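Take a look at the structure set out below.
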There are 6 protein chains.
Amino acid sequence: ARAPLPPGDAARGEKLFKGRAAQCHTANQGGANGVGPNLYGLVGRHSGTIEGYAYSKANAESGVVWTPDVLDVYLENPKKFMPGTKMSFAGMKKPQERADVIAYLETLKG
Amino acid sequence: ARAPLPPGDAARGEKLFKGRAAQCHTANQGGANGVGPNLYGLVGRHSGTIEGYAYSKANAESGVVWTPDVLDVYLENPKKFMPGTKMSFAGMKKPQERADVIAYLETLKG
Amino acid sequence: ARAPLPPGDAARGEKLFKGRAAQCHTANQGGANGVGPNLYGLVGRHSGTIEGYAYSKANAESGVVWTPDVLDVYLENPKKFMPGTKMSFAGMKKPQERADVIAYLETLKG
Amino acid sequence: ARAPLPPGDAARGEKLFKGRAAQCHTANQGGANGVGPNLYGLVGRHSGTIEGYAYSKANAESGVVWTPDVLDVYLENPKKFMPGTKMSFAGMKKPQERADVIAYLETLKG
Amino acid sequence: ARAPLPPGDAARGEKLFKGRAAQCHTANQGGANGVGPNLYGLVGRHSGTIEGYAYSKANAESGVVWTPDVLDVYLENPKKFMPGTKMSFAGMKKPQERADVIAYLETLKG
Amino acid sequence: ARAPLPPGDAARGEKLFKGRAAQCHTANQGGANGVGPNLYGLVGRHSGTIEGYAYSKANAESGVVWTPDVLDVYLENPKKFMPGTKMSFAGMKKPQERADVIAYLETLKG
Ligand code: HEC
Ligand code: HEC
Ligand code: HEC
Ligand code: HEC
Ligand code: HEC
Ligand code: HEC
């Protein structure tokens, strides 16, 4: 069983997002796929279904829903959570940092 | 059979290209590969042969020639046309926009 | 357009199947997957959906229905029809042999 | 709660193994790789390390140990447990049959 | 620089072939592809070109010619020679055994 | 004999790097993965191990050390050196340019 995350701060999460995700992921409504998929409205989505994106077999078949609890374990270590993913991200060790990024992703709605 | 496209406008095509392709594709002569291949001189080329580019099995084996009529069907829905492609683009569903992009691609020569 | 096939003979089809497919494909009801999927009840099926089978991206995404006319084109040259397939079969180039195999596949029902 | 893994019968297990697995997997000491890896001494192994076998990225990176409890969940639905696997097996859907196969696997030691 | 192999014995090589390759590879003229390609007339062939076979990217692109010197190093350890191959064979440590198998492959002509 | 690797100019190397590599590869300490991995401290590394990067099977299994002499051969033609790589780079075909880039890479240390 995992610890719950501390409350996330979306402004800190945006800063972390720009530093750690933005070169592969756009975050704006209608933004383009690139190395990775656009992430607007990611939170709560069924995995492997962003419009236009061609996923690995692992991510296509992964069958999770991206709620914050699932994002927490995934973002800690993507390879461990989803072996076979083509997302080239080692992970974020710090619980507050993961909480902040998740809180930022949560604002990508409207 | 396929409905013909309307006449394309290259300037609108360029605008559409920069909004919808430019983050994966360069368009200048001798431009680099990135997410996707450089597209200078694309139109009329045998598929899966751009200098330097490491294609999916599907795109390497595809055996088409990118004439305008073929580009029409492909750009409407890449996954339907070339299942197994790693091009993360859903397609352009509006005939005029598809025609405009094709008209732009046609200018990439000299 | 496609030249029609001659009428197939299922008994010749079975002989051809055992010589050219049987080492990758079972044909009995509830037969197992191996190199390739079990083919009982193949004809008329949506492509890439046989119980249990782990397909290539190309075959998973292919979106055809294996009607006889589609099987004709596919079995003549699988790589041309479905570039990116992992089916290691060059094709049957003789119309009568292709028709016979199709006639055999059509018997796999009940 | 997940159903407790029932006591397995190894003789029934072998019967189930030969009907559902043997076309891809050998079970004898020093038996060959084929579609899937030789499974002698599988129980207790780190995943994705059987001598000579070229795994999918998902199975190579899976990082589990094949204890009986892990096999229970995996064998029920391989695709759910290991999305991205190339193992073409839908799963042992009946819990007693699944337990019997595990009991058979457990005997492959010496 | 490698040692030359000792003279190979084709009868011993056939025995080794049946024990170590035959479940993935046929050896007869006109024999079928299976897990791996038919190997009749393999010796001296450009790599990645057997009729009908769908290779990994690595083997498709490998650009070697299968002369006995190249078969020697490859068969010792396929992964080391061709990283990314999907051939699930660890290798043969013993120079006489590799020589024998190569001498057997050399007879697959006529 | 293979041409000796000429003395490289690192400033010319950086210029060549920014024109030919930077769209896929960062070069700064702690820079992000993108299309390809961050290359800080690349020289002398075991291949296929840069933190966070999800490699092709060929690059993951490559088993080389990126000394300058190995980089020379690789960078001349990546596809020839590492068949199966997903690096979309045809190669540095001019030996002085190839040496300059290596000299630049050598400076990425501290
Ligand atoms: C490029 C080097 C990336 C970095 C850095 C990050 N991500 Fe990523 N991501 C990337 C790819 C190529 C993919 C698809 C993976 C596949 O196996 O197909 C992803 C996927 C995600 C997902 C899942 C999307 C879905 O299921 O629809 C999420 C939620 C995601 N990525 C988020 C994410 C975050 C929060 C990152 C840093 C803080 C991050 N990614 C880094 C490519 C890259
Ligand atoms: C990144 C998310 C991409 C976007 C958006 C678009 N393209 Fe693309 N394209 C991309 C990749 C990775 C590839 C290779 C695909 C593979 O399976 O190997 C491609 C391929 C093409 C091709 C074919 C090139 C060839 O056969 O040589 C064409 C003609 C092409 N792409 C054009 C194109 C256009 C016109 C786009 C939007 C208007 C577009 N692409 C989007 C990556 C991405
Ligand atoms: C092994 C060397 C094979 C031989 C010979 C043949 N088939 Fe095959 N087939 C094989 C594989 C591995 C797959 C999956 C391909 C993938 O890319 O995922 C297939 C697929 C088919 C299909 C499609 C099934 C579906 O969409 O559900 C059909 C209809 C099919 N194969 C039929 C077929 C016939 C009639 C053959 C010879 C007469 C034949 N196959 C040869 C493996 C191999
Ligand atoms: C062919 C159609 C298969 C059938 C039926 C079964 N297995 Fe399998 N298995 C197969 C492949 C190709 C692989 C490698 C998968 C990959 O993604 O690389 C596997 C893998 C396993 C493993 C894991 C081995 C390891 O981690 O070292 C186990 C434990 C395993 N298979 C067992 C198993 C059992 C018990 C089956 C039926 C009762 C079964 N497999 C079916 C190919 C096929
Ligand atoms: C299944 C478990 C295999 C065993 C055992 C052996 N081989 Fe194999 N081989 C296999 C596959 C799936 C492939 C294609 C690999 C790819 O990456 O695409 C191969 C390939 C070869 C080749 C190269 C063929 C070519 O380039 O055209 C050769 C020469 C070869 N295999 C020979 C060989 C020998 C001599 C073996 C044991 C003594 C052997 N293989 C074992 C599958 C399997
Ligand atoms: C994108 C179009 C690229 C260009 C241009 C270049 N590289 Fe690259 N590189 C890229 C990818 C996607 C990968 C991973 C390849 C895989 O098969 O997994 C690489 C890999 C390298 C490596 C090896 C890294 C390692 O083993 O850890 C090196 C040393 C490397 N690339 C260097 C390099 C140089 C010097 C380039 C131009 C001068 C260059 N790359 C171009 C993507 C792309």
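Positions of Cβ are backbone-derived with ideal geometry, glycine not excepted, and every protein chain shown enters the neighbour counts. What follows draws every value from the coordinates through simple rules; no lab data is involved.
Quick one: which of D:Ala3, D:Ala10, D:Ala21 is of a type outside the set (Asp, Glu) and farther than 16 Å from D:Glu106 by Cβ? The match here is D:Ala3.
In segment B:65-82, the residue that is nearest to A:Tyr53 (Cα to Cα) out of those that are β-branched (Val, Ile, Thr) and free of Cβ contacts under 8 Å to residues at least 40 places away in the same chain is B:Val70. With a requirement of 1 or more residues that are closer than 14 Å to F:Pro83 by Cα and not hydrophobic (A, V, I, L, M, F, W, C), the helices (runs of 4 or more DSSP H) lying completely within segment E:55-107 that satisfy it span E:57-61, E:78-81. The number of residues in segment A:49-65 being more than 7 Å from every other protein chain (Cβ to nearest Cβ), farther than 18 Å from B:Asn77 by Cα and buried (at least 18 other Cβ atoms within 10 Å of the Cβ) comes to 2. Checked against (1) more than 23 Å from B:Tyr55 (Cα to Cα); (2) hydrophobic (A, V, I, L, M, F, W, C); (3) within 13 Å of another protein chain (Cβ to nearest Cβ), C:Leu108 passes all but a single condition, namely (3). Got at least one residue in segment B:8-25 being farther than 25 Å from A:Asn28 by Cα and either within 16 Å of ligand 1 (Cβ to nearest atom) or part of a loop (DSSP other than H, G, I, E, B) (or both)? Checking segment B:8-25: at least one residue is farther than 25 Å from A:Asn28 by Cα and either within 16 Å of ligand 1 (Cβ to nearest atom) or part of a loop (DSSP other than H, G, I, E, B) (or both).
Taking the numbered list (1) within 30 Å of A:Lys57 (Cβ to Cβ); (2) touching a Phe, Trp or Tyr at 6+ places or on another chain (Cβ under 6 Å); (3) in contact (Cβ under 8 Å) with a residue 12 or more places away in the chain in turn, B:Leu108 passes all entries but (1). For segment A:15-30, the count of residues that are surrounded by 16 or more Cβ atoms within 10 Å (Cβ to Cβ), among the aromatic types (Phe, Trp, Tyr), closer than 28 Å to B:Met87 by Cβ and within 14 Å of chain D (Cβ to nearest Cβ) is zero. Here is the figure for segment C:2-14: residues that are crowded, with 16+ Cβ neighbours inside 10 Å and not charged (D, E, K, R) total 4. Restricting D:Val35, D:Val43 to those that are touching a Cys at 6+ places or on another chain (Cβ under 6 Å) and either among the basic types (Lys, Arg) or more than 22 Å from A:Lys79 (Cβ to Cβ) (or both) reduces the list to D:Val35. Whether a residue is under 30 Å from B:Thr49 (Cβ atoms), within 13 Å of the chain's Cα centre (by Cα), more than 10 Å from ligand 6 (Cβ to nearest atom) and away from every other protein chain (no Cβ under 14 Å) was assessed, and F:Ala3 does not pass this test. For segment A:1-21, the set of residues classified as over 17 Å from A:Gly91 (Cβ atoms) and within 16 Å of ligand 2 (Cβ to nearest atom) is empty. Cβ-Cβ contacts under 7 Å between residues 6 or more apart (or on different chains), taken from a first residue in segment B:83-100 that is more than 14 Å from chain C (Cβ to nearest Cβ) and crowded, with 23+ Cβ neighbours inside 10 Å to a second residue that is in a helix (DSSP H, G or I) and small (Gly, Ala, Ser), are listed as B:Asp100/B:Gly13.
Of the residues making up segment C:31-64, those that are more than 8 Å from ligand 3 (Cβ to nearest atom) and in contact (Cβ under 8 Å) with a residue 60 or more places away in the chain number 3. Across segment B:76-88, what is the total count of residues that are under 11 Å from the mean Cα position of the chain (by Cα) and either more than 17 Å from C:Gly63 (Cβ to Cβ) or acidic (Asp, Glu) (or both)? Number of matching residues: 1. Screening the candidates A:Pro68, A:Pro37 for the property of being away from chain D (no Cβ under 14 Å), under 12 Å from the mean Cα position of the chain (by Cα) and buried (at least 21 other Cβ atoms within 10 Å of the Cβ) yields one hit, A:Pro37.
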